[PDB]
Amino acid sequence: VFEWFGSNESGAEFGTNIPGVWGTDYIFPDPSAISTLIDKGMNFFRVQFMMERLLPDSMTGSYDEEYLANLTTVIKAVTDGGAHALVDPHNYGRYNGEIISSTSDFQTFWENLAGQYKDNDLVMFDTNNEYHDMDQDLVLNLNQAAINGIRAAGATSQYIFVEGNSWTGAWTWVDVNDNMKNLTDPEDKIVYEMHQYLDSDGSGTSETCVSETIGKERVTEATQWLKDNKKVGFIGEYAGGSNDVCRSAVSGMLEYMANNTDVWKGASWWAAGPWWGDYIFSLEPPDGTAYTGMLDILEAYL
């Protein structure tokens, strides 16, 4: 149906504390729980990490090789299972709490990182999670700095998932992120990643969806934008509560997208990972609320 259809794998970006310590501020996803979702048919995992944990000094400096080693382990569990792994610096366009205004530093950051992965054909690169509250020209230039660095590293087979401003939301895309059409890639493998949630404010913090059709309504304009500008997209985060109204909303949203696979390459549920507990949107097996409450809807596309 879609090129890629899967789930986020969260944990390594958890907590506020930098460094933080493994096991008390953050954890990495669990390869067994991933393997279990791969067995359900998923072929795409968006793997979260925090830049400040990978890069303890500056973003152009050297790595925490143990954090990096652990990230690469999770990526390899995915790619060895035959699935695509999207590497997501879950950073909101910010490094150490300040907006990334150095386009050159960000380019070097990505040149170094895609260097780690350049020979893995199953890796994809997400420039940054949910740019927001920042200059719209800077957003564009940071995404192009990422594409430039990634290609400079020799990573040429990999898709690059670019994000816009307004938390890369689908429902606001056409009002803020029109300049993002200007991005260019020598490999022609850019994919526009938007997020969309279904609660009253689109924050993805309530179990309750506005209506049975809210999901479709929130991705309509983005879909026309992609068509008009001859681009391809992906819903890198979505979710809904385990209840009849949201099930109807999620379903309708995915059905609409499935009718527009000319522009929609697929989606990834927010989220799986080992530290969600009783999270309203947990897709972690054996007992996450979405794992048992929503996964039957998703299996339509697997």
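Heads up: residue numbers just count along the shown sequence, starting at 1.
- For the pair 82 to 90 and 104 to 112, the mean Cα B-factor is higher in 104 to 112.
- Annotation for 155 to 163 versus 126 to 134: the higher mean temperature factor (C-alpha) is found in 155 to 163.
- Taking the PDB entry at face value, the top CA B factor among 193, 228, 199, 178 belongs to 228.
- Listed residues 235, 55, 239, 272 were ranked by CA B-factor as deposited; 55 comes out on top.
- Ranked within its chain, residue 70 lands in the middle third, by CA B factor from the PDB record.
- Per the deposited record, the Cα B-factor of residue 22 falls in the highest third when ranked against the other modelled residues of its chain.
- In the deposited entry, the Cα temperature factor of residue 12 sits in the bottom third of values across the chain's modelled residues.
- Residue 172: CA B factor in the lowest third of modelled residues in this chain (values from the PDB entry).
- Per the deposited record, the Cα B-factor of residue 47 falls in the lowest third when ranked against the other modelled residues of its chain.
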